[PDB]
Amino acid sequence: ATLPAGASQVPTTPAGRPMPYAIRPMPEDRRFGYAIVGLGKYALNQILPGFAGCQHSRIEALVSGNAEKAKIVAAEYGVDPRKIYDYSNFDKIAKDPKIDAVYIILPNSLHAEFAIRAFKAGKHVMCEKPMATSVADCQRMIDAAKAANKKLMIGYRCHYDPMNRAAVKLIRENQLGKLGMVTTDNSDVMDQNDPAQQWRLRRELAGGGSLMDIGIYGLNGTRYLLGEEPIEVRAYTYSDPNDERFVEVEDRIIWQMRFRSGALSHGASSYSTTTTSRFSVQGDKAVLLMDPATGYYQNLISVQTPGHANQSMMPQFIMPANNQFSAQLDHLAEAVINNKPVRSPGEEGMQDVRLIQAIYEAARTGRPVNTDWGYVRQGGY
């Protein structure tokens, strides 16, 4: 009965020790510089604070219209003041080699714009969701990327969230069986007094109501969970005509879709009901419930069968995977380096916009809108 060699071989005095075991993502290099456009809610609450956890990304320069603020932010994240661009001279970034790409976090209407401008600035483009307010504008963004021979990546963080990935994997391993019915719901009360929620009420900047903003989650979700595209869609929308919030954009809208596989889906988004992010995938062996489904934190999934409910969630002491944000940032830096295609290409953001427009059309005409245009997902969902 004797103690292990390693143990007994430890200096009962101050001594140097080896690299400890990594039970969570350790910082590596920082060879990718980002140009963050629009210092808004998402940019300052979830994106910037998510760089610290990156393994290959850094905030090289900011791009804000507000000076007082922009300077303050630059301090908190320690960015060279001489590198605080704006909407006027955003193009000058092409004169800095330390700017590998830009991350546009502006209202949907301004997405396409600064993307193309950025592409000519010889930088990679990471644009937020939804890609743009126009199908065509999405296409122009792509073309620009190809002309400038650069990478185009939309901000689909759920494509890099551990639980969402585990969700796709269990479904690919056929744990639910033959897929037949998906149900999604994404909701949160619209606050008109919130600076970030105002341009969302404006059909010009937003490009749509809840669907364009959060219903896109269920739409996108339904797509990568099923692992295929809708071939047909129907939809109905409605908003309280007395509510000033939805004069231009829609509050609630419900869409039904069919897939070549034969599977059906029905989901909805809302601006008048509180926090809801719930996905449901039904197969003939089991049903998957993701609730939370697409949150920033605390996502939880469960596979249910009579008498059983197997749940998954981030461990309580370890982090076998990085958070969606950092993972997303380093996903571009990583696609550039090893010269690989991104999982969230502009081609993907475009597909969502078409389908959304197809939906709005269905809601407008009250007829089904054929969406069998032959889109193909590059690199699987």
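If you superpose the two forms and keep the largest set of C-alpha atoms that fall within 1.5 Å, you have the rigid core. All residue numbers are counted from 1 along the displayed sequence.
Asks: Core fit done; bigger CA RMS in 6 other deposited structures of this protein for 27-35 or for 64-72?
Replies: Between 27-35 and 64-72, the one lying farther away in 6 other deposited structures of this protein is 27-35.
Asks: Once you work out the mean C-alpha B-factor for both 225-233 and 198-206 from the entry, which is higher?
Replies: Higher mean C-alpha B-factor: 198-206.
Asks: Check the entry's C-alpha temperature factors for 273-281 and 134-142, then say which stretch has the higher mean.
Replies: Taking the mean B-factor of the alpha carbons in each, 134-142 is higher.
Asks: Name the one of 174, 186, 183, 149 with the greatest CA B-factor according to the PDB entry.
Replies: Of the options given, 149 has the highest CA B-factor in the PDB entry.
Asks: Based on the PDB record, which member of 318, 356, 62, 329 exhibits the highest Cα temperature factor?
Replies: Within the set 318, 356, 62, 329, 62 shows the top C-alpha B-factor.
Asks: Could you tell me which third, lowest, middle or highest, the C-alpha B-factor of residue 303 occupies within its chain?
Replies: Residue 303: CA B-factor falls in the lowest third of its chain.
Asks: Per the entry's values, where does residue 119 land by CA temperature factor relative to the rest of its chain, in the lowest, middle or highest third?
Replies: It falls in the top third of the chain.
Asks: Which third, lowest, middle or highest, does the C-alpha temperature factor of residue 244 belong to within its own chain?
Replies: It falls in the middle third of the chain.
Asks: Among the modelled residues of this chain, does the Cα B factor of residue 66 put it in the lowest, middle or highest third?
Replies: Top third by C-alpha B-factor.
Asks: Please rank the C-alpha B-factors of the chain's modelled residues and tell me whether residue 312 sits in the lowest, middle or highest third.
Replies: Its C-alpha B-factor, which the entry lists for residue 312, ranks in the lowest third among residues of this chain.
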